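Visitor: Submitted below is the structure of interest, expressed as structure tokens.
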Amino acid sequence: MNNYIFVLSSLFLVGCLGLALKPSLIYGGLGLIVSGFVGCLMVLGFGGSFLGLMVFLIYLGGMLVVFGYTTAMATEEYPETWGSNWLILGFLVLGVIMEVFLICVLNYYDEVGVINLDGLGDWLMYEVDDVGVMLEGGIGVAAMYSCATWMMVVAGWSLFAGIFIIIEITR
Amino acid sequence: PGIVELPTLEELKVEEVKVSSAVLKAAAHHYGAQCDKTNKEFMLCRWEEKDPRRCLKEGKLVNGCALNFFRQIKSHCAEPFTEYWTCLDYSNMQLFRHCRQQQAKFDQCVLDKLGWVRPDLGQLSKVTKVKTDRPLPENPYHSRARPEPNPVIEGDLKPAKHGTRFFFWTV
Amino acid sequence: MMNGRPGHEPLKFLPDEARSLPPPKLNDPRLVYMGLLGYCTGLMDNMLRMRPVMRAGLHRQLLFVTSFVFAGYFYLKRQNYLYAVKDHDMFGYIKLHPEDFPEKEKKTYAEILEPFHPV
Amino acid sequence: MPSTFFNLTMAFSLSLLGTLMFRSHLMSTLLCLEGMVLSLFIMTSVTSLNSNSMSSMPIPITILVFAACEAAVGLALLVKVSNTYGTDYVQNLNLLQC
Amino acid sequence: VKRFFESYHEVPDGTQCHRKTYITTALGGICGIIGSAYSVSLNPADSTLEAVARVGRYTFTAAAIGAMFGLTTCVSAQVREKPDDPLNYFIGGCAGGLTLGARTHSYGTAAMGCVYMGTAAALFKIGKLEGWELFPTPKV
Amino acid sequence: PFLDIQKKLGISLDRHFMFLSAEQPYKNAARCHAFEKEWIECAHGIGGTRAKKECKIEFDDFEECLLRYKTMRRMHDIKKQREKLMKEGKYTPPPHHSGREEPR
Amino acid sequence: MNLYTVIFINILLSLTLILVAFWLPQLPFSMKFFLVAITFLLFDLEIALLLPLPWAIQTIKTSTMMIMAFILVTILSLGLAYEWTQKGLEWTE
Amino acid sequence: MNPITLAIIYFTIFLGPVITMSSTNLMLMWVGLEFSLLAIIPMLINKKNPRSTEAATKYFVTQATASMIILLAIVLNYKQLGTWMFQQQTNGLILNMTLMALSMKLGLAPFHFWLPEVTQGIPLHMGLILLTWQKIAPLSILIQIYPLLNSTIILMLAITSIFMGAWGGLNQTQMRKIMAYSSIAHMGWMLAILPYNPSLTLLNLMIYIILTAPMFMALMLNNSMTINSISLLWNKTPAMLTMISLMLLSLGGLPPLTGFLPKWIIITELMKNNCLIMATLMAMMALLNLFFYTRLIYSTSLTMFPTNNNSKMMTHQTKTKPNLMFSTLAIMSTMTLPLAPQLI
């Protein structure tokens, strides 16, 4: 439980790699959901509780849902599965072996740069207000309502326009 | 490049309070005024100078005052103060709501035997100057000189000479 | 380029400092040319909308001409100002740093040898 | 921090490859776009919470909203394509070369 | 480390043909790989066989071009001892274009390449001499 | 910038948090506040190329505060040597580092 | 560690149940749906913008938070009403 | 597209760039870019035909990759320093990525093989905007950050655009694709001059706009999007020729016109900065642009092609679309060389 962040990171890497090695979409969407899960868990381990839960609530619940929705209602996994998944699986294995050996190579040349392995657990949190309330990302994200109002109004306009854009498109 | 100074373990070894957070949170209010001059002076030292290695002689005085305070509270009115923190620590967040009618008793005892009066509401969240005897420094950041601005050019702004000086497009 | 010079009053067309410069006598050839441009533009618009040229849209032509001139005037003021500022800053820097410009006084053709190149 | 950050950048590069190389579909590309966006949001929130900065946190929210809307219009276009051709393939777009 | 490309000017035009030729052949292989990658990513063919065949055609072609050119320019510099004069590089570029034409089976391409590439090489030498910088840096 | 509409109107919409040491909401200062406050003060009044060479003593310290490459490497070498010593059989970590102490 | 324990426990319990289950015995499109999913998105994004009120409210610029909230809500309602009037909520094909 | 939607989309398009420029934060810049992208796609896809949809897919995909790349750049800069803005202390790889992305977003080469297809799938009144109000913000971004750029790759990119655009324009008949290639070449000229003096890129852009917009007006007139469909102008409306010929020669850059001045003072700067070789290449390869403008001049004015009978039924009619600003810009393009100093 010191290797925590490195593990979550490697798993996000592997999710994006399974998306880059474009598989059948039904077995790529699972990789994407795993990617989002693990990335949120990384954020949480760092301390962005609000951000992680916002992700769980919006990314997955909002975007992946509709991705699968649209895909199903507008796609057919034609018989392009000439063992394509079974091939790219071994290809992924070869790539992950390449990456493992790549990191075991790098760690020699670079020691206190790319990665510090002997002391990996260190160097996640650098300082922290021990006696301080009001230090969670909720405040930064609430900023938009007192300062940085431009962000909020711009997102509002993005939606105000996306509605019209989508509807005028679909027709 | 450059050595760092540090004090020594064998010094700055004062006998701490080692008392619990519940007791501290219960007795705080009175300790807000009693033993306030010292604490305010110390916070001022720490905010003026960012050198904990220079703001130390104002910590042993603080702890000595707090101990000479808990000493009076041990001599007089001990059991009201023990039942008090045993009533507080029961809760989770240690709030001052579930112990009201176990508080005014202790307060009246402390009063009838001592010239203390529990501060009112909003009496500690107020800036109060503190008369000291040591000076205030400058360059606390140990900064360096500000490189000189660019010498400004000036003079009455008269017109061009012979024209735009462009290729035979005199005017 | 120079948009960071000392106190570049931002998005101000003509600072008050640009009243100590001789404005252009309205007979200026540049303004006159912009007038010709307005006239020819009215001509072209008429010939495109298939209209008698040189005898139609007189109000149109007047508007074109006067707009073109009313613009050219102040645009030209701004440009005169920019060139004045350039020259002033240049001369100021030269007066600051003379060593960067040794005032080499050339030699006479007596002392200097012009080599030959016949025919 | 540095290790996980380099790995997140690697994941971004992998989504880049996924988008820049096809396998006869379009939803794969769009999902790789989403993966990019996720990695970016994560790296930004990480940088912020590591610097203890707060005022800079609205940025992940902003870009996440914009990526949502972007992918939405992309899906709308994919759908129009499928409903005017008969599928969401890529080799059907041989037009416009004339 | 860029030395494999900088060593070309450790000595002047002269000896070290075994080095100048390796370098020019390396440039040939590089330009061939690159052009072949472009013409494979685009305008594709049926089988990987014919694809890599095209790639090897281009690569070996450019390699031979660079070899012949650098060799001619290391040889002329030896015999006709007026090294810095760019006629060496011009004749070398002509021989290179002629090799290109002998490969492509076109006398017209042979002569066109002769002229163009030879003059290009002569101008490269003129630049190396007179300090004409390429990919400059701004100092007005 | 490009189009100084903001400076013309004497207002600010984004440029009040363009960097780290701006006014954070509940006075919670960031990590390298001081180093930023010095880098900016040296890079003010002058423009660009002056600062890219006469502010390094104030910017390298900042970048280190922000990343601490050199501190990482220092600690790394220390721990590597310590491990080698405990391997060869010469070190003996005391308690305060080895698992207990008499804390406050 | 606690949530890890709980989640692993729940997953393992469910998988024990399913393994018991397995051992003991021995299309065109409808534009309306995509439009609805899009509405759902463009509302979840509003939700992400709008959640932080329980901490944006304890600040001092009430005259700002009150306003920005009203603004978001009213413009979202305007977009909704326009979608309605232009028949995105009728379902009759 | 009902009026409310039309107005809102036009507003967002007029906004995206305004924010991208007036904002000093790279996130706001990227935001304005996304605004332009989104608010534009519909105007491309209104006709809802397969070609329009295809072009929309291409455009959206490329610009999405570009925006995400720029975002990666910004975030790396954040981790590196802390500020949301670029300084003179950023690893050059980030600048190179930003430049690749801005290029792919503009149309520069070799990131340009998506512009002709799209501009052929599009109508005129949207290709115009695509070429003249989307290449502004991506250029303001550079105007802000010109000092610390990589002149090497900037110049390679520019000259590559010159060559490829000219060589494609020699062939393409479709006037939309021709205009696209011309845009490629002129933006190459700009990016070539940029890191030396930006005002000159500003000038080249304004000039290319003033020459393009009126051409697209003259096209919108008849929806004649082909050489053999524009040659009939001398029988449909014989007035636009005396200005189209001039404007095309200008776009070519013939001295007495104005399109020359940009190339001229640009070469001047590059000679001051010792880039005469690439200057020579640019100047000796703009001649092909001049060529395939001359070849349309031929078709339209200097020689009369076979017409079509029903043009008589047309001539019996009338037409009052061609507004005043067309002629105004045509003139203020062709006949304004005497006012170059007042332009600098």
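No lab work stands behind these numbers, since they all come straight from the coordinates. Here Cβ is always computed from backbone atoms with ideal geometry, including for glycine, and neighbour counts include all displayed protein chains.
Visitor: Is it true that residue D:56 is in contact with a helix residue (DSSP H, G or I) (Cβ under 7 Å, 6 or more places away or on another chain), surrounded by 23 or more Cβ atoms within 10 Å (Cβ to Cβ) and assigned to a loop (DSSP other than H, G, I, E, B)?
Guide: yes
Visitor: So which residues in segment D:16-58 are small (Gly, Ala, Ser) and over 18 Å from residue D:69 (Cα atoms)?
Guide: Answer for segment D:16-58, where residues must be small (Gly, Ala, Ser) and over 18 Å from residue D:69 (Cα atoms): D:18, D:24, D:45, D:48, D:51, D:53, D:55, D:56.
Visitor: Let me ask something else about it. Can you name every residue in segment B:1-28 that is among the basic types (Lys, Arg) and not in a loop (DSSP other than H, G, I, E, B)?
Guide: The one that is among the basic types (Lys, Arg) and not in a loop (DSSP other than H, G, I, E, B): B:25.
Visitor: Whether any residue in segment H:269-276 is under 17 Å from residue H:212 (Cα atoms) and over 20 Å from the mean Cα position of the chain (by Cα) is what I want to check.
Guide: No, there is no match, as no residue in segment H:269-276 is under 17 Å from residue H:212 (Cα atoms) and over 20 Å from the mean Cα position of the chain (by Cα).
Visitor: Among the candidates D:8, D:17, single out the residue that is farther than 22 Å from residue A:77 by Cβ, facing chain A (nearest Cβ under 7 Å) and surrounded by fewer than 19 Cβ atoms within 10 Å (Cβ to Cβ). Even if it seems obvious, please write down each step before you answer.
Guide: Details: D:8 fails: surrounded by fewer than 19 Cβ atoms within 10 Å (Cβ to Cβ).
Result: D:17 is the single residue among D:8, D:17 that is farther than 22 Å from residue A:77 by Cβ, facing chain A (nearest Cβ under 7 Å) and surrounded by fewer than 19 Cβ atoms within 10 Å (Cβ to Cβ).
Visitor: Being part of a helix (DSSP H, G or I), more than 14 Å from chain C (Cβ to nearest Cβ), touching a helix residue (DSSP H, G or I) at 6+ places or on another chain (Cβ under 7 Å) and more than 23 Å from residue H:116 (Cβ to Cβ) is true for just one of H:267, H:277. Which residue is that?
Guide: Going through H:267, H:277 in turn, just one is part of a helix (DSSP H, G or I), more than 14 Å from chain C (Cβ to nearest Cβ), touching a helix residue (DSSP H, G or I) at 6+ places or on another chain (Cβ under 7 Å) and more than 23 Å from residue H:116 (Cβ to Cβ): H:267.
Visitor: Residues that are part of a loop (DSSP other than H, G, I, E, B) and under 30 Å from residue H:21 (Cβ atoms): does segment F:52-66 have at least one? Write out each step before concluding.
Guide: Going through segment F:52-66, the residues part of a loop (DSSP other than H, G, I, E, B) turn out to be F:55.
Right, trim to under 30 Å from residue H:21 (Cβ atoms) and you get F:55.
Scanning segment F:52-66 turns up at least one residue that is part of a loop (DSSP other than H, G, I, E, B) and under 30 Å from residue H:21 (Cβ atoms).
Visitor: A further question on this structure: Could you list, in sequence order, all residues of segment B:58-79 that are among the hydrophobic types (A, V, I, L, M, F, W, C), closer than 12 Å to residue B:113 by Cα and assigned to a helix (DSSP H, G or I)?
Guide: Passing the criteria: only B:73.
Visitor: Among residues belonging to segment B:110-159 that are of a type in the set (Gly, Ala, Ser) and at positive phi, point out the one that is surrounded by the fewest Cβ atoms within 10 Å (Cβ to Cβ).
Guide: Among them, the one singled out is B:122.
Visitor: Okay, next question. Within segment A:137-145, can one find any residue that is surrounded by 15 or more Cβ atoms within 10 Å (Cβ to Cβ), part of a loop (DSSP other than H, G, I, E, B) and at the interface with another protein chain (Cβ under 7 Å from one of its Cβ atoms)?
Guide: no
Yes or no, residue by residue, for (1) surrounded by 15 or more Cβ atoms within 10 Å (Cβ to Cβ); (2) more than 21 Å from the chain's Cα centre (by Cα); (3) at the interface with another protein chain (Cβ under 7 Å from one of its Cβ atoms):
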| site | (1), (2), (3) |
| --- | --- |
| A:38 | yes, no, no |
| A:63 | yes, no, yes |
| A:91 | no, yes, no |
| A:97 | no, yes, no |
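Visitor: Go through the residues of segment G:19-35 one by one and say whether even a single one is among the aliphatic types (A, V, I, L, M), surrounded by 10 or more Cβ atoms within 10 Å (Cβ to Cβ) and within 22 Å of residue A:155 (Cα to Cα).
Guide: Among the residues of segment G:19-35, at least one is among the aliphatic types (A, V, I, L, M), surrounded by 10 or more Cβ atoms within 10 Å (Cβ to Cβ) and within 22 Å of residue A:155 (Cα to Cα), which makes the answer yes.
Visitor: Please find, within segment G:58-75, the residue that is surrounded by the most Cβ atoms within 10 Å (Cβ to Cβ) out of those that are of a type outside the set (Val, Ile, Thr) and more than 7 Å from chain A (Cβ to nearest Cβ).
Guide: To start, the set of residues in segment G:58-75 that are of a type outside the set (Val, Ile, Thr) comprises G:58, G:61, G:63, G:65-66, G:68-70, G:72.
Still in the running and more than 7 Å from chain A (Cβ to nearest Cβ): G:58, G:63, G:66, G:69-70.
Numbers: G:58: 13, G:63: 8, G:66: 12, G:69: 17, G:70: 10.
Restricting to residues being of a type outside the set (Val, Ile, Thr) and more than 7 Å from chain A (Cβ to nearest Cβ), the top hit is G:69.
Visitor: From G:89, G:80, which residue is surrounded by 14 or more Cβ atoms within 10 Å (Cβ to Cβ), more than 7 Å from every other protein chain (Cβ to nearest Cβ) and under 14 Å from residue G:35 (Cα atoms)?
Guide: Step by step, each of G:89, G:80 is checked, and only G:80 is surrounded by 14 or more Cβ atoms within 10 Å (Cβ to Cβ), more than 7 Å from every other protein chain (Cβ to nearest Cβ) and under 14 Å from residue G:35 (Cα atoms).
Visitor: Then there's this: State which residue is nearest to the other protein chains (Cβ to nearest Cβ) when the search covers only segment H:196-235 and only residues that are surrounded by fewer than 18 Cβ atoms within 10 Å (Cβ to Cβ) and either within 16 Å of the chain's Cα centre (by Cα) or basic (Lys, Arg) (or both).
Guide: Among those that are surrounded by fewer than 18 Cβ atoms within 10 Å (Cβ to Cβ) and either within 16 Å of the chain's Cα centre (by Cα) or basic (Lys, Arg) (or both), it is H:202.
Visitor: Quick test of your reading of the structure: residue E:83 fulfils all but one of (1) in contact with a helix residue (DSSP H, G or I) (Cβ under 8 Å, 6 or more places away or on another chain); (2) in a helix (DSSP H, G or I). Name the failing condition by number.
Guide: (2) is the only condition that residue E:83 fails.
Visitor: Here is a further query. I'm checking my understanding of the structure. Among residues of segment H:61-77 that are surrounded by fewer than 23 Cβ atoms within 10 Å (Cβ to Cβ) and within 7 Å of chain D (Cβ to nearest Cβ), which one is farthest from residue D:89 (Cα to Cα)?
Guide: H:72
Visitor: Among the residues of segment F:80-93, is any of a type in the set (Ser, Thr, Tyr) and more than 17 Å from residue D:51 (Cα to Cα)?
Guide: Yes: segment F:80-93 contains one or more residues that are of a type in the set (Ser, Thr, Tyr) and more than 17 Å from residue D:51 (Cα to Cα).
Visitor: Could I ask something else about it? May I ask you to verify whether residue A:105 is part of a helix (DSSP H, G or I), within 30 Å of residue A:26 (Cβ to Cβ) and among the β-branched types (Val, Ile, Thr)?
Guide: It is false that residue A:105 is part of a helix (DSSP H, G or I), within 30 Å of residue A:26 (Cβ to Cβ) and among the β-branched types (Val, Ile, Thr).
Visitor: Which numbered condition in (1) more than 7 Å from chain D (Cβ to nearest Cβ); (2) not in a loop (DSSP other than H, G, I, E, B); (3) not acidic (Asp, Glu) is the only one that residue A:133 fails?
Guide: Status for residue A:133: all satisfied but (2).
Visitor: Could you figure out which of (1) part of a helix (DSSP H, G or I); (2) within 14 Å of chain A (Cβ to nearest Cβ); (3) more than 27 Å from residue D:3 (Cβ to Cβ) isn't true of residue F:8?
Guide: Every condition holds for residue F:8 apart from (2).
Visitor: In addition: Can you pull out every residue in segment H:96-141 that is assigned to a helix (DSSP H, G or I), under 29 Å from residue D:12 (Cα atoms), within 13 Å of the chain's Cα centre (by Cα) and of a type in the set (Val, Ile, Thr)?
Guide: Hits for segment H:96-141: nothing passes.
Visitor: Just name the residue that is surrounded by the fewest Cβ atoms within 10 Å (Cβ to Cβ) out of those in segment H:289-321 that are more than 30 Å from residue H:171 (Cβ to Cβ) and touching a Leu at 6+ places or on another chain (Cβ under 9 Å).
Guide: The selected residue is H:321.
Visitor: So, one more: On the basis of being part of a loop (DSSP other than H, G, I, E, B), out of contact with any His (no Cβ under 6 Å at 6 or more places or on another chain) and under 23 Å from residue H:281 (Cβ atoms), does residue H:196 make the cut?
Guide: yes
Visitor: Still on this structure: Return yes or no: is residue H:93 surrounded by fewer than 23 Cβ atoms within 10 Å (Cβ to Cβ) and either outside any helix (DSSP H, G or I) or not hydroxyl-bearing (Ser, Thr, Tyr) (or both)?
Guide: yes
Visitor: So in segment F:11-49, with the set limited to residues that are at the interface with chain H (Cβ under 9 Å from one of its Cβ atoms) and among the aromatic types (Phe, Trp, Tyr), which one is farthest from residue H:86 (Cα to Cα)?
Guide: The qualifying residue farthest from residue H:86 (Cα to Cα) is F:17.
Visitor: A further question follows. Is at least one residue of segment A:105-117 crowded, with 16+ Cβ neighbours inside 10 Å and more than 14 Å from chain F (Cβ to nearest Cβ)?
Guide: No, that holds for no residue.
Visitor: Let me ask something else. If I go through segment D:20-53 residue by residue, how many of them are under 17 Å from the mean Cα position of the chain (by Cα), at the interface with chain A (Cβ under 7 Å from one of its Cβ atoms), among the hydrophobic types (A, V, I, L, M, F, W, C) and surrounded by fewer than 24 Cβ atoms within 10 Å (Cβ to Cβ)?
Guide: Number of matching residues: 1.
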